[PDB]
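Presented below is the structure to which this report refers.
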Amino acid sequence: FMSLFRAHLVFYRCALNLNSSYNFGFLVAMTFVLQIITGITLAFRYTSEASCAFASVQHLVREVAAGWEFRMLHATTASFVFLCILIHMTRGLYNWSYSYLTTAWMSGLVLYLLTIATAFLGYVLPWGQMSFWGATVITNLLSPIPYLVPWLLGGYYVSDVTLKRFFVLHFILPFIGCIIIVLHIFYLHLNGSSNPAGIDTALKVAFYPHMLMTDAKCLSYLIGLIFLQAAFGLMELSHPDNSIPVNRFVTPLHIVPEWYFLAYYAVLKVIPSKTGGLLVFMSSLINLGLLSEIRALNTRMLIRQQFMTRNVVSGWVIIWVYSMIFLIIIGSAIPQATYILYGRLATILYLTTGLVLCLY
Amino acid sequence: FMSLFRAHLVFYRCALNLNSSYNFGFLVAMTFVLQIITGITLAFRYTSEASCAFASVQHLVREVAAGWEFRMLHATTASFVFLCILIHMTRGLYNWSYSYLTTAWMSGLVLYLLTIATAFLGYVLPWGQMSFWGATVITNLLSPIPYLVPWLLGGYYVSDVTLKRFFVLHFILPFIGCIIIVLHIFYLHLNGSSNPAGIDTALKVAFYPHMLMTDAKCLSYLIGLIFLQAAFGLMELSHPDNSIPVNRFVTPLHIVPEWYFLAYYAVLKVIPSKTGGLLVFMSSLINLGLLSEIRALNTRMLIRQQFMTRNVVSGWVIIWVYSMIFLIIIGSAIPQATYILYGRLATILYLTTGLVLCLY
Amino acid sequence: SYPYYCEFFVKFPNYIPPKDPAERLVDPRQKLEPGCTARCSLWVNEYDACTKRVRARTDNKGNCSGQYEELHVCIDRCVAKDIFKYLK
Amino acid sequence: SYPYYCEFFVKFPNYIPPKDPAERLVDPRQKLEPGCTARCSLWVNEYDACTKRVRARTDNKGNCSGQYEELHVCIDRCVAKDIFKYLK
Amino acid sequence: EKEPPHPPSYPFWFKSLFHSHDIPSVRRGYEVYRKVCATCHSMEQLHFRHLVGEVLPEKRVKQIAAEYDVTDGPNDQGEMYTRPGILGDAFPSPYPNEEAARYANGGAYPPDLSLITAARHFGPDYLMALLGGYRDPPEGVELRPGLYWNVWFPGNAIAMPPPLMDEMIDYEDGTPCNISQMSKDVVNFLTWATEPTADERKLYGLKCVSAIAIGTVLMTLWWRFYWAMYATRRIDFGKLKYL
Amino acid sequence: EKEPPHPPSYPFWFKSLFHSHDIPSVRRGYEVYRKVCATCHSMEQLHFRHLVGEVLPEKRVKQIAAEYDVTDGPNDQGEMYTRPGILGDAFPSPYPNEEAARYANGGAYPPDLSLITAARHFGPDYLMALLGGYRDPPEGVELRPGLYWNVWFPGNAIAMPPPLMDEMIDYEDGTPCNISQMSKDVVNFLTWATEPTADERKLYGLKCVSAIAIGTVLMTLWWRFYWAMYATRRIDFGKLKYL
Ligand SMILES: CCCCCCCCCCCCCCCCCC(=O)OC[C@H](COP(=O)([O-])OCC(O)COP(=O)([O-])OC[C@@H](COC(=O)CCCCCCCCCCCCCCCCC)OC(=O)CCCCCCCCCCCCCCCCC)OC(=O)CCCCCCCCCCCCCCCCC
Ligand SMILES: CCCCCCCCCCCCCCCCCC(=O)OC[C@H](COP(=O)([O-])OCC(O)COP(=O)([O-])OC[C@@H](COC(=O)CCCCCCCCCCCCCCCCC)OC(=O)CCCCCCCCCCCCCCCCC)OC(=O)CCCCCCCCCCCCCCCCC
Ligand code: HEC
Ligand code: HEC
Ligand code: HEM
Ligand code: HEM
Ligand code: HEM
Ligand code: HEM
Ligand SMILES: COc1cc2[nH]c(C)c(-c3ccc(Oc4ccc(OC(F)(F)F)cc4)cc3)c(=O)c2cc1Cl
Ligand SMILES: COc1cc2[nH]c(C)c(-c3ccc(Oc4ccc(OC(F)(F)F)cc4)cc3)c(=O)c2cc1Cl
Ligand SMILES: O=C1C(O)=C([C@H]2CC[C@H](c3ccc(Cl)cc3)CC2)C(=O)c2ccccc21
Ligand SMILES: O=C1C(O)=C([C@H]2CC[C@H](c3ccc(Cl)cc3)CC2)C(=O)c2ccccc21
């Protein structure tokens, strides 16, 4: 397995002009490994009982040596997982990477779905108000089929049984992640990476000396920033309301998911029919999947240059990003008619600019 | 990975005269896979709290559909894991497999150590009297080094913290098992299996049609027997005393480990010095390890035929087996002078007949 | 783990009716005990022997709990053969 | 999760000694309130306006909690600048 | 210390491989347990839910549960109160904690019987023997007050008084009461209570094992089918012998 | 519903990146909490162990704990009893259950303060504002009895009475007592109690971030070291130009 190590991470030859925007994959992998370490060492002292989970998490912070550090590293590294993934996705929307990296793009989408599931399962385990009512909402959202929801819950309502199986599932999924990562990289190195210029070039250079050092530099920056936020708390990434014990008969008066879930939340606020809601997610994900075979949707021969530099027309990916940010903004606010109106405007933009990527 | 599947499990060519005694590896692997399935589905409803673990295991049996079946399959398949492993080891002591399957034999030993550890960790999780006092004994046995025992316990005595980390460790170790199994098979197929006759032969035959069916037949028998014992309870494999809740200030009046641990227990009964006790285990395992390079311990050219058929002299492996069975017998009984005397006789036999394997 | 373990070839008695509806207001064991008492006579012999010797030795320490235990284990293991014929 | 979040470039006051040991048996807020009351006069204006109009409309529904809330938020946000200079 | 003796094997209806529990005996054993043994023991794992359809009809079980006061709350004022038991409640217990139980029983602790036959050697045979086992002391032995001699209890001296007495209880089916009969019926009841899923387990076992054995025959035939083609092969060196 | 206003930022000593907690303020806040706020609230997560060496000397903390009766047992008779508190015991609570707490407070539940500043927006600034916030109703609004108007509580109507009163408590260091001072000191105390590991966390943070930044400079230099050899390379086609 050493010979493979050398073939793929030492003698592998890249293009000279790979700048930082091509370093974020490595970064998400590293946040995965790190999150796994802190996960396992948190599991050694966590209690999976509805009667006492909350106090179990508080015991780590209050009465255990370095107890606070692992919880906070685990909490904060999640945000960086998602931030790095979104940068990593947008880079390849910008470049039209999926033109020839077909199966890599598919694998990517599967990994993103895995990550969403993993995060949301994690989000229930500390067992506060937000956890209980979030679980209630998302389980009610997948109700269309009889008996599936009491079965997956384990029970007529969110329960200790639900906590136990969420804990086991959150244990298992990351490692399935890892396996799919190996699959991802297989498809990638089958083809070879693209340039920022989107041309084919013979001016290649080996990995170990030049690109490995850039990977290391960015890694230093990321470790830095994680520790800064973890130790000092600069930003209010997580809302305070998960600090309150659960009550099964009273909701919290103000509700804000974790930031990486706000856009979705915005949709659930503005579309009238609940099924329309769910179908928007399904449709957008199907549209992203459809990009894998964009070469077939037209008989003009395709190029990877999108000529977005100096261009007054901008590009659909940029409009997508700004629409998504606008949806995050509206996600965060209270339900009111005007917020809903601009919500619907932004939603139409978000859907249309995704549909239109296929129309070259 | 399909091409590898075909190369190693379909077109791989064996010797014509491989009888059932060469089918038990496959069997232990299958008990591993099966034990993993039942493990995971038991984890979904188990509670890792000293205050309530016991009742958590009782809830599965009393109030859950098919609750009883998974617990009992998991409990009974362990015995078959160990029985198959011991048959599998004795076969290769009998044949002198380690003459040329050097690294396979080493890997085997590591897997057996892994299995012992896994089983013993499992044995504590139901949290009855025998579990608590067994954990106490084995943790006191590895005391020679300061602070290592309170550290590994987590605490000054066996505690809920100990349960939590035992549960996580018992979760993890089997999969490390699986990885080492892949390593095992690599070393094996690097060389190729031996015959019962211990000759080299060209009368080979492919695997898929002939030997695959024998594997399947034995698999049927084993599934049969597991279900027979699991559903009807023919043999008292496990003592009743783990059915009593724990008391930290009162021992059970009669003590009998699980059968696959009795021989070890016998030693701890009969050797006066505690360190002598531990050193006997260390020494015997080192002796078994030493067999990997038996070709070097002498300048006479070696053969695999031990000529044990019709032989009035028998063989050291058979004396080893009978000594071990005698030690199990004495393990089971109360501490009394005469049992200890025949214990010491059997112990001397067990040690000497292991030392002597190197003296060809 | 199991409540009990299966036994092969057990013999299950037919309920011998009492000859008088009043007949089993008294414990059926009393009707099986004499025979077994007669069968375990050697243990009675040894218990009485030990009783005598203990009462004699005069150094003021002795007991015959062993032989007593053996006597009653014998009697019980005899009674167990027929007791369930008289119970519903 | 955190008890608080860090704020950049905060200014920390020096404890202005009371001119009389008895001087702060009375709440220092009382000495900062007048100035801020004068600074937030537009909210007083609008609150009195709404009070008049509510008392006039005669259809018997109305209130001026909005403007009141704004008035007092203004006054408090003014007081917060100097209150910690008078506390140890 | 000593090796304790082993009890004789009684022919309980259940200890055959094809037999179920014997439900009339279970009813009578439950009646004995309620009237006698529940004075000092507990079964914390049992709820009345368990008796309907398996042993008793639902109506009667509700009426049984109604005989007890069970504590519940808090109420609007944060106080606790007592109510009549319902089908969903666990069996009641005579002592609030282990310390009180020991205080009432001269220091010894009456064990919880929810798993008693699975928590002793030879299970029901041991329990049947133990309930018969009370006898006078042997020559040379005397026991301190509140302690009794029993020929089947380990070390022979036990804290539980002689347990059974004729017509100390009565049966609703009409069966006559005596200590032997009560022994049999209560041992039956406790053996059932140790694992109510027994009959389900055994009836499923039978189907499973039978089908798997038929399987085994079929696979044996399939394996021999391929054995025979190489076991009967001919290999010649130099020239052909037979054809 | 409405968007509630946002509080002003007060210059608490701790909210700088280099500052610790301010321990005299913490002592005074603890004294306020004991004399006033512990009448209806609870801190179930705090034990007296937490105060020694961090806030108070051990001797004084033992003497504080001795002021309370704490329940313990069972004893030999299985009864419960009361004893003087010890350093190992958690803070006492005024109500036995949530139902009694609601019964005493007209239906509302006084929350446990063990994490209060981490369980609200703007934490200590919100709490400081709230304790100042009591005012007379506006024109056109009236509140039912046992309910009060506060300009910083969401929806403006709150069940907690006006909280503070001058010289309702007294200080041992000599500081004068008034509602503003009590507000500052108790908010300091509760902010500390929300996470006593704060100062450890920050002091470790500083070392970590500083060293990591120095790292980053070194790695930047190392990366440029290799950048320059290919950024400055010459490639010619056909014939050599320069040397
Ligand atoms: C600087 C950038 C930093 C990026 C960070 C990203 C975030 C990371 C988060 C996760 C953590 C990862 C950590 C590693 C980060 C990377 C590090 C790195 O190597 O950076 C390389 C980076 C750029 O390298 P490069 O080789 O040029 O990269 C290639 C380019 O990308 C060019 O590539 P290309 O040309 O091939 O293009 C491909 C394309 C590919 O496409 C993409 O990649 C697009 C991706 C877009 C993001 C999409 C996802 C978004 C998802 C939503 C996220 C929401 C978050 C919400 C957060 C809210 C926060 C409030 O990319 C682009 O098109 C990018 C161009 C975008 C232009 C946007 C222009 C915006 C203008 C804004 C003006 C604002 C004016 C404000 C005025 C205000 C007045 C009041 O260089 C540096 O950072 C240099 C080092 C600088 C160090 C300075 C340190 C100073 C410290 C001072 C201390 C002072 C102390 C004082 C004390 C005093 C005491 C007295
Ligand atoms: C039959 C054997 C079965 C083995 C089972 C093993 C245990 C398995 C446990 C785990 C479960 C696995 C399941 C699969 C098992 C394997 C199945 C299989 O394929 O077997 C093949 C097996 C043998 O095949 P093979 O090709 O000859 O094998 C090669 C040989 O091994 C020859 O190989 P080689 O020549 O190359 O030699 C290499 C060497 C390699 O070395 C080894 O492999 C040595 C391994 C030794 C074991 C070491 C580990 C021990 C660890 C301690 C374990 C303690 C356990 C404690 C258990 C206590 C239980 C109470 O092996 C040997 O030297 C072996 C020879 C040993 C000779 C020992 C002679 C002992 C004589 C005893 C006489 C007793 C007389 C009593 C008289 C009493 C009078 C009162 O054949 C069969 O079993 C044929 C099928 C028979 C089916 C019969 C079914 C009848 C059902 C009747 C029902 C009636 C119902 C009635 C109803 C009535 C209604 C009215
Ligand atoms: C109070 C008078 C009791 C009644 C009624 C019953 N039991 Fe009990 N039991 C009691 C005590 C104080 C003890 C302790 C004995 C000791 O030596 O410490 C026991 C013990 C048992 C046991 C344990 C036997 C063993 O080998 O450990 C059993 C199996 C038992 N008791 C069963 C039992 C049954 C079936 C009863 C109804 C017929 C019953 N007990 C009533 C106190 C009392
Ligand atoms: C009994 C007279 C109390 C005393 C003394 C203190 N508090 Fe309390 N508090 C009490 C009640 C009945 C309520 C419920 C209010 C409601 O609207 O339901 C509260 C509430 C609080 C809150 C919650 C504020 C929020 O926005 O949810 C806080 C932060 C609070 N109280 C703090 C607090 C402090 C610091 C006290 C000592 C100065 C204090 N309270 C005393 C009852 C009583
Ligand atoms: C990509 C990998 C992972 C991600 C993105 C992830 C995500 C999360 C998130 C977002 C939380 C919420 C923490 C909080 O709200 O404070 C969490 C908690 C938790 N995670 Fe994961 N996790 C990952 C891997 C793992 C692994 C591998 C394990 C164990 C083997 C694990 C065990 C836990 C535990 C025990 C908690 C509870 C934390 C607490 O109760 O305070 N995680 N995780
Ligand atoms: C755990 C999640 C992921 C990991 C660990 C990962 C890892 C990597 C790595 C190491 C690379 C090569 C170096 C680099 O580009 O930084 C890469 C490239 C790539 N990834 Fe990912 N990735 C992940 C998620 C995704 C997702 C969600 C997508 C798409 C939706 C995606 C699509 C791609 C593409 C298209 C490339 C190659 C682009 C090109 O060559 O031009 N990946 N990935
Ligand atoms: C070679 C593989 C394994 C072996 C030999 C093994 C062995 C054992 C043993 C001997 C017990 C004792 C059960 C009893 O005393 O009733 C046990 C219990 C248990 N095992 Fe494992 N185990 C294996 C794999 C696993 C795995 C992979 C998991 C989970 C991922 C697991 C989870 C458990 C649990 C939850 C229990 C508790 C059973 C109970 O409380 O009744 N086991 N195991
Ligand atoms: C989980 C435990 C184990 C598994 C899954 C396993 C699996 C296997 C398998 C599939 C084979 C080839 C087919 C067969 O021989 O049945 C094999 C062969 C072998 N194993 Fe194991 N084994 C295990 C434990 C051990 C142990 C404990 C030892 C030695 C102490 C050992 C030593 C050997 C040797 C020497 C051979 C080849 C013998 C020969 O070719 O003559 N294995 N094993
Ligand atoms: C800036 O430009 C680039 C940066 C790049 N950075 C990296 C880190 C790689 C890479 C990743 C993984 C790999 O092999 C592995 C697969 C899977 C594993 O498994 C797991 F889970 F990651 F540990 C480990 C190892 C081999 C190579 C690239 O190809 C790569 C390519 C370009 Cl163009
Ligand atoms: C009777 O005579 C024989 C029987 C034999 N039976 C078997 C089952 C094999 C065998 C096992 C595994 C394997 O490849 C694998 C490795 C590891 C895995 O991983 C895990 F964990 F097992 F699933 C899976 C798969 C390939 C081949 C043999 O070689 C074999 C050889 C002889 Cl002579
Ligand atoms: O009302 C909601 C709500 O709508 C969500 C939502 C956010 C989006 C989630 C989500 C949507 C789509 C995907 Cl692919 C993944 C997650 C589902 C739960 C919450 O997270 C929540 C948490 C706590 C209380 C209330 C709520
Ligand atoms: O006294 C013992 C005892 O001696 C062991 C022993 C058995 C052998 C074990 C063992 C020895 C060596 C190895 Cl490599 C693995 C396990 C260690 C614990 C027990 O298992 C036990 C369980 C419950 C109560 C008491 C006892």
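As shown in the structure tokens, the chain order sets the letters A, B, ...; within each chain, residues go from 1, and ligands are also counted from 1 in the order they appear.
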Pick out the residues no farther than 9 Å from ligand 11, counting only C-alpha atoms and all ligand atoms, and list them as a ChimeraX atom specification. /A:113,116-117,120,129-139,141,251-252,254-258,260-269,278,281-282,285
When the cut-off is 6 Å and you count only C-alpha atoms and all ligand atoms, which residues lie near ligand 8, shown as number ranges by chain? B: 22-26, 28-29, 89, 92, 97-98, 101, 104-105, 108-109, 111-112, 181, 193-194
Put those residues in a file: N, CA, C and O atoms, as a short mmCIF file (atom, residue, chain, number, x, y, z; two decimals), in the first residue's frame.
```
data_model
loop_
_atom_site.label_atom_id
_atom_site.label_comp_id
_atom_site.auth_asym_id
_atom_site.auth_seq_id
_atom_site.Cartn_x
_atom_site.Cartn_y
_atom_site.Cartn_z
N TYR B 22 -10.46 -28.68 7.13
CA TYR B 22 -10.00 -27.44 6.53
C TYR B 22 -11.13 -26.46 6.26
O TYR B 22 -10.93 -25.48 5.52
N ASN B 23 -12.31 -26.68 6.83
CA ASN B 23 -13.47 -25.82 6.60
C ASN B 23 -13.76 -24.89 7.77
O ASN B 23 -14.72 -24.11 7.68
N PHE B 24 -12.99 -24.94 8.85
CA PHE B 24 -13.39 -24.26 10.07
C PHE B 24 -13.01 -22.78 10.08
O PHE B 24 -13.65 -22.00 10.80
N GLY B 25 -12.02 -22.37 9.29
CA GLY B 25 -11.76 -20.95 9.11
C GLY B 25 -12.95 -20.17 8.57
O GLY B 25 -13.38 -19.17 9.16
N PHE B 26 -13.44 -20.62 7.41
CA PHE B 26 -14.67 -20.08 6.85
C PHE B 26 -15.75 -19.97 7.92
O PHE B 26 -16.46 -18.96 8.02
N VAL B 28 -15.46 -19.71 11.28
CA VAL B 28 -15.26 -18.67 12.29
C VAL B 28 -15.54 -17.30 11.68
O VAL B 28 -16.11 -16.42 12.33
N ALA B 29 -15.16 -17.11 10.42
CA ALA B 29 -15.50 -15.86 9.74
C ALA B 29 -17.00 -15.63 9.72
O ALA B 29 -17.48 -14.51 9.95
N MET B 89 -7.16 -24.01 15.47
CA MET B 89 -5.79 -23.98 15.96
C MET B 89 -5.21 -25.38 16.06
O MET B 89 -4.08 -25.64 15.61
N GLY B 92 -3.76 -27.11 13.07
CA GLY B 92 -2.52 -26.64 12.50
C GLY B 92 -1.35 -26.94 13.41
O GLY B 92 -0.20 -27.01 12.97
N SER B 97 1.45 -26.71 10.49
CA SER B 97 1.19 -25.73 9.45
C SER B 97 2.19 -24.59 9.49
O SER B 97 2.58 -24.05 8.45
N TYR B 98 2.60 -24.19 10.70
CA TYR B 98 3.49 -23.05 10.90
C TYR B 98 4.88 -23.26 10.33
O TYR B 98 5.70 -22.33 10.40
N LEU B 101 3.82 -21.53 6.78
CA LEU B 101 2.82 -20.47 6.91
C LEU B 101 3.13 -19.63 8.15
O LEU B 101 2.35 -19.50 9.09
N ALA B 104 1.13 -16.16 8.50
CA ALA B 104 -0.25 -16.52 8.77
C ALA B 104 -0.43 -16.96 10.22
O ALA B 104 -1.42 -16.60 10.87
N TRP B 105 0.50 -17.77 10.73
CA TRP B 105 0.41 -18.23 12.11
C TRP B 105 0.51 -17.06 13.09
O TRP B 105 -0.27 -16.98 14.06
N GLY B 108 -2.88 -15.21 12.93
CA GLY B 108 -3.75 -16.01 13.76
C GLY B 108 -3.66 -15.73 15.24
O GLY B 108 -4.69 -15.54 15.91
N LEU B 109 -2.44 -15.73 15.78
CA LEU B 109 -2.31 -15.45 17.21
C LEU B 109 -2.86 -14.08 17.57
O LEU B 109 -3.54 -13.91 18.59
N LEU B 111 -5.20 -12.44 16.05
CA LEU B 111 -6.66 -12.50 15.97
C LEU B 111 -7.24 -13.17 17.21
O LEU B 111 -8.29 -12.75 17.71
N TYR B 112 -6.59 -14.21 17.71
CA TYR B 112 -7.08 -14.87 18.92
C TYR B 112 -7.03 -13.93 20.12
O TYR B 112 -7.95 -13.91 20.94
N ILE B 181 -8.27 -9.81 9.53
CA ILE B 181 -8.63 -11.00 8.77
C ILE B 181 -8.17 -10.86 7.33
O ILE B 181 -7.66 -11.81 6.72
N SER B 193 -2.36 -23.47 0.81
CA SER B 193 -2.65 -24.32 1.95
C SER B 193 -1.88 -25.63 1.88
O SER B 193 -1.37 -26.04 0.83
N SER B 194 -1.80 -26.30 3.03
CA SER B 194 -1.17 -27.60 3.15
C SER B 194 -2.19 -28.71 2.96
O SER B 194 -3.41 -28.50 3.03
#
```
So which bits of range 23-210 of chain E end up alpha helix (DSSP H) when you DSSP the backbone, as a PyMOL selection string? chain E and resi 23-35+58-65+98-104+123-132+179-194+198-210
Neighbourhood of ligand 9 at 9 Å, counting only C-alpha atoms and all ligand atoms, reported as a PyMOL selection string: chain A and resi 4-5+7-10+12-15+18-27+29-30+32-33+175+177-186+188-189+192-195+207+211-212+214-215
Among range 55-232 of chain F, which residues carry a DSSP assignment of strand (DSSP E or B), reported as a PyMOL selection string? chain F and resi 56+69-72+81-84+90+134+148-150+157-158
Given the selection you just returned, output its residues as a file containing C-alpha atoms, formatted as an mmCIF file, in the first residue's frame.
```
data_model
loop_
_atom_site.group_PDB
_atom_site.id
_atom_site.type_symbol
_atom_site.label_atom_id
_atom_site.label_comp_id
_atom_site.auth_asym_id
_atom_site.auth_seq_id
_atom_site.Cartn_x
_atom_site.Cartn_y
_atom_site.Cartn_z
ATOM 1 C CA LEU F 56 -13.628 31.916 48.186
ATOM 2 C CA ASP F 69 -30.097 21.147 56.215
ATOM 3 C CA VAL F 70 -29.596 18.542 53.476
ATOM 4 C CA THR F 71 -31.524 15.280 53.270
ATOM 5 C CA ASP F 72 -29.721 11.934 53.295
ATOM 6 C CA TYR F 81 -32.950 12.076 57.816
ATOM 7 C CA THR F 82 -31.427 15.559 57.623
ATOM 8 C CA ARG F 83 -27.820 16.589 58.249
ATOM 9 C CA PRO F 84 -25.706 19.734 57.920
ATOM 10 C CA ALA F 90 -25.158 20.654 45.498
ATOM 11 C CA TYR F 134 -39.627 47.648 35.160
ATOM 12 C CA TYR F 148 -45.865 43.342 35.548
ATOM 13 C CA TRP F 149 -44.690 45.567 32.698
ATOM 14 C CA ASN F 150 -41.010 45.456 31.710
ATOM 15 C CA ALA F 157 -45.375 41.560 30.328
ATOM 16 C CA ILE F 158 -43.505 39.409 32.837
#
```
Using only C-alpha atoms and all ligand atoms, determine which residues fall within 7 Å of ligand 1, then list them as a VMD selection string. chain A and resid 19 to 21 80 83 to 84 86 to 87 90 to 91 94 196 217 to 219 221 to 222 225 321 325
Written selection (N, CA and C atoms) as a tab-separated table (two decimals), in the first residue's frame:
```tsv
chain	number	residue	atom	x	y	z
A	19	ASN	N	-4.19	27.05	-8.03
A	19	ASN	CA	-4.12	27.99	-6.93
A	19	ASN	C	-4.91	27.46	-5.74
A	20	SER	N	-5.10	28.30	-4.72
A	20	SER	CA	-5.68	27.81	-3.47
A	20	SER	C	-7.06	27.21	-3.65
A	21	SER	N	-7.82	27.68	-4.64
A	21	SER	CA	-9.20	27.22	-4.76
A	21	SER	C	-9.29	25.72	-4.98
A	80	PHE	N	-17.06	24.42	9.92
A	80	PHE	CA	-16.00	24.45	8.92
A	80	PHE	C	-16.16	23.32	7.90
A	83	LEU	N	-18.75	24.87	5.56
A	83	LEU	CA	-18.21	26.01	4.82
A	83	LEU	C	-17.25	25.55	3.73
A	84	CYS	N	-16.33	24.64	4.08
A	84	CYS	CA	-15.40	24.12	3.10
A	84	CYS	C	-16.12	23.35	2.00
A	86	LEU	N	-19.12	23.91	0.85
A	86	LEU	CA	-19.81	24.84	-0.05
A	86	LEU	C	-18.83	25.55	-0.97
A	87	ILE	N	-17.68	25.97	-0.44
A	87	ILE	CA	-16.65	26.54	-1.31
A	87	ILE	C	-16.24	25.52	-2.36
A	90	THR	N	-19.00	25.21	-5.06
A	90	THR	CA	-19.11	26.39	-5.90
A	90	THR	C	-17.95	26.50	-6.86
A	91	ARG	N	-16.76	26.06	-6.45
A	91	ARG	CA	-15.62	26.08	-7.36
A	91	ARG	C	-15.91	25.29	-8.63
A	94	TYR	N	-18.51	26.87	-10.82
A	94	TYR	CA	-17.86	27.96	-11.52
A	94	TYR	C	-17.07	27.46	-12.72
A	196	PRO	N	-7.79	26.09	-13.62
A	196	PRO	CA	-8.62	27.30	-13.58
A	196	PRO	C	-8.83	27.91	-14.96
A	217	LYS	N	0.09	24.82	4.13
A	217	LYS	CA	-0.13	26.21	4.52
A	217	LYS	C	-1.59	26.46	4.87
A	218	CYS	N	-2.48	26.09	3.95
A	218	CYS	CA	-3.91	26.26	4.21
A	218	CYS	C	-4.33	25.48	5.45
A	219	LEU	N	-3.74	24.29	5.65
A	219	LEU	CA	-4.05	23.50	6.83
A	219	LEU	C	-3.71	24.26	8.11
A	221	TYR	N	-3.65	27.55	8.44
A	221	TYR	CA	-4.67	28.59	8.60
A	221	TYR	C	-5.94	28.03	9.23
A	222	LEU	N	-6.39	26.88	8.74
A	222	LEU	CA	-7.66	26.33	9.20
A	222	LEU	C	-7.58	25.90	10.66
A	225	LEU	N	-7.82	29.02	12.76
A	225	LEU	CA	-9.14	29.63	12.86
A	225	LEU	C	-10.08	28.80	13.72
A	321	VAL	N	-25.48	31.79	-5.88
A	321	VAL	CA	-24.87	32.03	-4.58
A	321	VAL	C	-25.56	33.18	-3.87
A	325	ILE	N	-27.64	33.12	-0.33
A	325	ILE	CA	-27.34	33.97	0.81
A	325	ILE	C	-28.57	34.77	1.23
```
Distance limit 6 Å, reference ligand 4, atoms considered: only C-alpha atoms and all ligand atoms. Which residues make the cut? Give them as an MDAnalysis selection string. chainID F and resid 33 36:37 39:40 105 108:110 153 158:160 163
As an MDAnalysis selection string, could you give me every residue of chain E near chain C (at most 10 Å apart, counting only C-alpha atoms)? chainID E and resid 5:18 24:25 115:125 129 132:133 135 137:141 150:152 156 166:167 175:182 184:185 190:196 198
Just the number, please: distance in Å from CA of residue 78 in chain E to CA of residue 98 in chain F, one decimal. 7.6 Å
Residues of chain E at most 12 Å from chain F: nearest atom pair and distance in Å, only C-alpha atoms, as a Markdown table:
```
| residue | atom | partner | partner_atom | distance |
| --- | --- | --- | --- | --- |
| E:73 | CA | F:99 | CA | 9.9 |
| E:74 | CA | F:99 | CA | 7.1 |
| E:75 | CA | F:99 | CA | 7.3 |
| E:76 | CA | F:99 | CA | 6.2 |
| E:77 | CA | F:100 | CA | 5.7 |
| E:78 | CA | F:100 | CA | 4.5 |
| E:79 | CA | F:100 | CA | 7.9 |
| E:80 | CA | F:99 | CA | 10.9 |
| E:95 | CA | F:78 | CA | 9.3 |
| E:96 | CA | F:78 | CA | 8.0 |
| E:97 | CA | F:78 | CA | 6.6 |
| E:98 | CA | F:78 | CA | 7.6 |
| E:99 | CA | F:78 | CA | 4.8 |
| E:100 | CA | F:78 | CA | 4.5 |
| E:101 | CA | F:78 | CA | 8.2 |
| E:102 | CA | F:77 | CA | 8.6 |
| E:103 | CA | F:77 | CA | 6.0 |
| E:104 | CA | F:77 | CA | 8.9 |
| E:105 | CA | F:77 | CA | 11.6 |
| E:106 | CA | F:77 | CA | 11.4 |
| E:107 | CA | F:76 | CA | 10.0 |
```
